[PDB]
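To begin, one chain is listed below as structure tokens, in the form deposited in one PDB entry.
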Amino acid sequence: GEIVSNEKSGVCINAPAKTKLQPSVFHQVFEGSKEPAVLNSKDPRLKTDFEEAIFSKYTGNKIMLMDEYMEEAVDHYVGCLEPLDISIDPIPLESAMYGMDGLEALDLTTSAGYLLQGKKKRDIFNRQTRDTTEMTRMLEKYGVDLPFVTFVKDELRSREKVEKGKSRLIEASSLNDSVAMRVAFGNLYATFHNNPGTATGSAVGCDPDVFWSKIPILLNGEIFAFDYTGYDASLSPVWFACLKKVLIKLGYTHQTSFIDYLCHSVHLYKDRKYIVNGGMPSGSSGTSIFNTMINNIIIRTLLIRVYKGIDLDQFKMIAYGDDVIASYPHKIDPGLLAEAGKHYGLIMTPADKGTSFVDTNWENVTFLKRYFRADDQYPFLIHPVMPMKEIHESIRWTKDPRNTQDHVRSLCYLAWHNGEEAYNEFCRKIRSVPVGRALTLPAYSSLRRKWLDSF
């Protein structure tokens, strides 16, 4: 991705509020070093220029025609999707706004992107009546292909990323474009949400508690895994063209216009309008699905390029955006694939760091930050294991201390998969300060019983 122009826009995106994150009652109880992201250039923790840091994720584009390996990768991925019979038909506007099977109702808490005019999603949306008349009028009034509004994401970051100014950005699409994309691709989204696995190659919308046990069965060969640096922003237009070819082969036609809208995008930040060629915007309706579909093309492309004689029908993969876990019957060198990725302008790191390191296996591999651990009693059931370090970092901060009981409970639903001893220790530390001693916490046996019973 590359910013190809920058100028005064004509509008003024308000400066962000200060962070909603503050030390929680548990800040001193637990170890941790993350802090809220830098949100403005006057933050005293900065050790470098803020604006340069946040836009540094755009590393340029590898301009090129689609190559022979991409054409084969696209064809194989389309073959994997065809048994799902994705309908190219639009879904009704009512479904796009208020939900259907496989597609949740439109998120009412994210920006309408409208934001300069005091019109809120709440005004246009009425889930009780499921009314589409105000949205229809707004689509008529403003159309689609509108700019994205840039917000800095209010969230915890490592201390290094705080002082390097490596905060993340939300590139929020207009409510018009979200709605229009959901109309055009709603059945595709639903198909993906309803079929996490190795046909979609997707984990978006999955429930790790139940989906984890399926993963080793679907990926039953010699596994490998990747993490990327700046995946979204590093994507070159050629990868969006591959995605367009997949959609065309599914039977879409004029709907590739929605991919052009993601490939060549207009962004609003402060008083600037900047235009980005390549780079997936973060806050579009299909951001996650399309990032995932593109990763399915990428990994195949790299495999075919590096190895002659690959039979892709034995390759299997599952991705969530940039995060990839994959399988092939014979061992490969994922470091060679990573170098191949460089040729296409991608920066990826294999889980296997070299010949001296232990081979990627079910004991050391991660997906969605979680490890995999077979249950003692039922070793065919796989626990998703969020590291306690992650839970420790998150429990030390709160955006609203009135949600402490809800936040802590949801952390317990993650923590207990680390085993009974780790969970008792976690609960004991929670109950080392007043508020914690008063909280309701699920018992280990109760969590395990609910877990076993969600299959």
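When you see a residue number, it is the position in the sequence shown, counting from 1.
Just so it is clear, the following notes concern the form solved in complex with a small molecule, a form of the same protein that is not shown.
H193 belongs to the set of residues with a heavy atom inside 4.5 Å of the small molecule in the bound PDB entry.
In the bound PDB entry, at least one heavy atom of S288 sits within 4.5 Å of a heavy atom of the small molecule. Proximity of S282 to the small molecule in the bound PDB entry falls within the 4.5 Å heavy atom cutoff. Taking the partner from elsewhere, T133 is found to have every heavy atom lying beyond 4.5 Å of the small molecule in the bound PDB entry. Highlighted residues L106, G205 and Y320: every one comes within 4.5 Å of the small molecule in the bound PDB entry, counting any heavy atom. Here the chain stands alone, but in the bound PDB entry its contact with the small molecule, taken as any heavy atom within 4.5 Å, falls in 197-205 among 332-340, 254-262, 155-163, 197-205. The listed set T110, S87, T349, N364 contains one residue whose heavy atoms approach the small molecule in the bound PDB entry to within 4.5 Å, identified as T110.
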